[PDB]
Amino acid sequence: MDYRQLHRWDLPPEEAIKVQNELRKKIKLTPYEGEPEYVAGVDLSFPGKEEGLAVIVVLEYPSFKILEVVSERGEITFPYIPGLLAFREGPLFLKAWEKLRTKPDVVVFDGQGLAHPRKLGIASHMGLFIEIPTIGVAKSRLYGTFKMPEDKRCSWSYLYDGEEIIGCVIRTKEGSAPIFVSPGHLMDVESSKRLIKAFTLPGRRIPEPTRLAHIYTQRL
């Protein structure tokens, strides 16, 4: 399974920041229309001090049947720097990506995308490489400002950077904290909202793709 190596990974943090900027102009915040056939959930986890693990699961929509599950381990060499996290986890995910048999229609990551100091969260960065619509879903806020939406199923608020809408905050499950949805590449706020709603069972808290990938990560 293919991808486009837009740049090298072994960069100094200063250079990494410069790339992010270059890539952000390549981002296309474009409506996703209709429903995907296949969605992928991604879970990037770190068993060791410098050991990463990438698990990808490809569900079929609307059934959420698990068609495929791939995983790779890699050395995590790049230092942990908030806003530069993709340089740590990007490489390893790509190893897992290359092992996929089924081509996903939309990919959901555990992170953000547009909601990023430089509008290049994990979902955005990888969207550029894998060249398919992506979304970032986070169980906790990473970037941006919001008003807590009410404690009522499916309530929601916009997420902001200053005055610009950078994603949304959804109360997916009553009496639980909300999730944080930000578009990646070939994705806008509005479409990402709709899709993530479409990927969540009522009324669980976490979208199936990411719930399931975590479950598989756990299974290891």
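For every residue, the number given is its place in the sequence shown, counted from 1.
Comparing 18-26 with 200-208, which stretch shows the greater average C-alpha B-factor in the deposited entry?
Higher mean C-alpha B-factor: 18-26.
Between 183-191 and 43-51 (mean CA B-factor, as deposited), the higher
The deposited B-factors put 43-51 ahead on the C-alpha mean.
Choose from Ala177, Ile166, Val169, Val69 the residue with the greatest Cα B-factor as stated in the PDB record.
Highest CA B-factor of the listed options: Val69.
Of the three thirds of its chain by CA temperature factor, lowest, middle or highest, which one includes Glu150?
Highest third, going by the recorded CA B-factors of the chain.
What third of its chain's C-alpha B-factors does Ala115 belong to: lowest, middle or highest?
According to the entry, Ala115 has a C-alpha B-factor in the chain's middle third.
Could you say whether, by C-alpha temperature factor, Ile81 belongs to the lowest, middle or highest third of its chain?
It falls in the middle third of the chain.
By the recorded C-alpha temperature factor, relative to the other modelled residues in its chain, which third is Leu142 in?
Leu142: CA B-factor falls in the highest third of its chain.
Assigned third (lowest, middle, highest) for the C-alpha B factor of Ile130:
As the PDB entry reports it, the C-alpha B-factor of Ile130 lands in the middle third of its chain.
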